[PDB]
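Step one of this worksheet: look at the structure below.
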Amino acid sequence: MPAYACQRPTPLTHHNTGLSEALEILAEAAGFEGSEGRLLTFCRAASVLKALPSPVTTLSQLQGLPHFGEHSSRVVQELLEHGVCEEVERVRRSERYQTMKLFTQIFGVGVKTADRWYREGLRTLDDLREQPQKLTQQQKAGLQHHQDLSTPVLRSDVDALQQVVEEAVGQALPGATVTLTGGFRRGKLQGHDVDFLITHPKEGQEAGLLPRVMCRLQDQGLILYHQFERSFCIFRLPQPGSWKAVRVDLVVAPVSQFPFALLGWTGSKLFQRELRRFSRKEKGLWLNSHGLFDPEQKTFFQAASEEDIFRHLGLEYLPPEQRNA
DNA sequence: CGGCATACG
DNA sequence: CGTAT
DNA sequence: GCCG
Ligand SMILES: [Mn+2]
Ligand SMILES: [Mn+2]
Ligand SMILES: [Mn+2]
Ligand SMILES: [Mn+2]
Ligand SMILES: [Mn+2]
Ligand SMILES: [Mn+2]
Ligand SMILES: [Mn+2]
Ligand code: NA
């Protein structure tokens, strides 16, 4: 079992769902308390279990697995023996965890804002609605649309959105292309939002594209909210006899950077963090969604494909469906 | 012990 | 500060 | 919280 998640296939569905979900509760709770290191360890331990070929049934099966020490092993031990982990259940039931989860799941509210509101005594969405003068426009939109945005987006919804985005992109710049990324590209059947990557085969023609796309979407009446190369929108998605608000992310990259942007925006989040960590710490190369930089030669790697990037890093290629770390 | 990914709006 | 994978 |  390799130590980095980018060194191992991780499928979307696996054989240790309950164990990984418990560890991810502790990771989330660590994040609400600002402990990014503990969050990462719990996330990595969770992902190791997702990568195993069969269920963990006995504690000895953890011996030698990376990222399982005293704490994560005890969590698993309790789940194996009693079906529940007291720490995990204590977190689940806590007022702090529930409220931080509720607040941070609002579009426009991060851990720092949620925590401040929590310390001020606020607990519910109606508590936030009562004093809208304290809210940003982004948070007002997140709060107004919160119910719709908590409803899973279905792959059937995605095809519809892709069609309307392509229509606007085709008018903004003939020849430009739209690629579905994010969790749906990794094979998820449901998601919290839809992620699209836009480019054009002639380097430089994509310059200025996103404002032109946004203006055309807004003119078709499809944009309930938007704030460049990244656009975090709320779309109006037609529904049977009505519609619902859906979060959509639109990203533009020049074709030279497209493989890096595709790789980054396809995720998972943990997979990309681990991949960038591996790149820097094991290979001495600096990776982001624009490129891969050798700081010794002071040069950027040219990539024509995700396969190129994996090869550059000395990693076996992983299709998106196996990047579900 | 230090590090923990790395961007853009 | 928020957002993204 | 865990690794190197
Ligand atoms: Mn502990
Ligand atoms: Mn016991
Ligand atoms: Mn997404
Ligand atoms: Mn997104
Ligand atoms: Mn850029
Ligand atoms: Mn330390
Ligand atoms: Mn996400
Ligand atoms: Na949020």
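Here is how names work: the chains are called A, B, and so on, in the same order as the sequence lines, proteins then strands, and each is numbered from 1. FYI, side chains are in, hydrogens and waters are out, and symmetry mates aren't considered; it's all heavy atoms of this structure.
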*Look at all strands and tell whether A:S35 reaches a base, only sugar-phosphate, or nothing, counting heavy atoms closer than 4.0 Å.*
nothing
*Whole-Å gap separating P (C:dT3) and CD1 (A:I234)*: 11 Å
*Just call it for A:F271: base, sugar-phosphate, or nothing, with non-hydrogen atoms closer than 4.0 Å on any strand.*
nothing
*asked:* Taking the basic N atoms (NZ, or NE/NH1/NH2) and the acidic carboxylate oxygens, is any pair closer than 4.0 Å for A:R96 and A:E33?
replied: yes
*Please state whether the phosphate of D:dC3, meaning OP1 or OP2, lies under 4.0 angstrom from any side-chain nitrogen or oxygen of A:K281.*
no
*Round to a whole Å and report the spacing from CZ of A:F42 to P of D:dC3.*
12 Å
_Value in whole Å for how far the P atom of C:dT5 lies from CZ of A:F196_ = 13 Å
*When the P atoms of B:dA5 and D:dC3 are considered, how many whole Å apart are they?*
16 Å
*Just checking A:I106: base, sugar-phosphate only, or nothing, at a heavy-atom cut-off of under 4.0 Å?*
sugar-phosphate
*What's the NZ-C1' distance between A:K269 and B:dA5, to the nearest Å?*
10 Å
*Has the side chain of A:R230 got a donor or acceptor atom sitting under 3.5 Å from an opposite partner on the base of B:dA7?*
yes
*asked:* Does A:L263 reach a base, just sugar-phosphate, or nothing at all? Heavy atoms under 4.0 Å.
replied: nothing
*If you look at every strand shown and take non-hydrogen atoms under 4.0 Å, does A:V109 touch a base, only sugar-phosphate, or nothing?*
sugar-phosphate
*Using a heavy-atom cut-off of under 4.0 Å over every strand shown, decide if A:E36 touches base, sugar-phosphate, or nothing.*
nothing
Return all side-chain donor-acceptor pairs below 3.5 angstrom for residues 17-27 of chain A, not counting sequence neighbours, or 'none' if the list is empty.
residue, atom, partner, partner atom, Å
A:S20, OG, A:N16, O, 3.2
A:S20, OG, A:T17, O, 3.0
A:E24, OE2, A:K50, NZ, 2.8

*Check every strand shown and say whether A:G110 touches a base, only sugar-phosphate, or nothing at a heavy-atom separation below 4.0 Å.*
sugar-phosphate
*Is the NZ or CZ atom of A:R123 positioned over A:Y118's six-membered ring, under 6.0 angstrom from the centre and within 45° of the axis?*
yes
*Using a 4.0 Å heavy-atom cut-off across all strands, classify A:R185 as base, sugar-phosphate, or nothing.*
nothing
_Six-ring centre of A:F107, A:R247 cation under 6.0 angstrom, axis tolerance 45°_ = yes
*Identify whether any heavy atom of A:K112 sits under 4.0 Å from a base atom; if not, whether one sits that close to sugar-phosphate; answer base, sugar-phosphate or nothing.*
sugar-phosphate
*Is there a donor-acceptor pair under 3.5 Å between the side chain of A:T181 and the backbone N or O of A:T266?*
no
_Under 4.0 Å, heavy atoms only, any strand: does A:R247 hit a base, just the sugar-phosphate, or nothing?_
sugar-phosphate
*Which part of the nucleic acid, if any, lies within reach of A:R277 when heavy atoms closer than 4.0 Å are counted: base, sugar-phosphate only, or nothing?*
sugar-phosphate
*May I ask you to evaluate whether A:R273 reaches the phosphate of B:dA5, defined as a side-chain N or O under 4.0 Å from OP1 or OP2?*
yes
*Whole-Å distance between C:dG2 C1' and A:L135 CG?*
14 Å
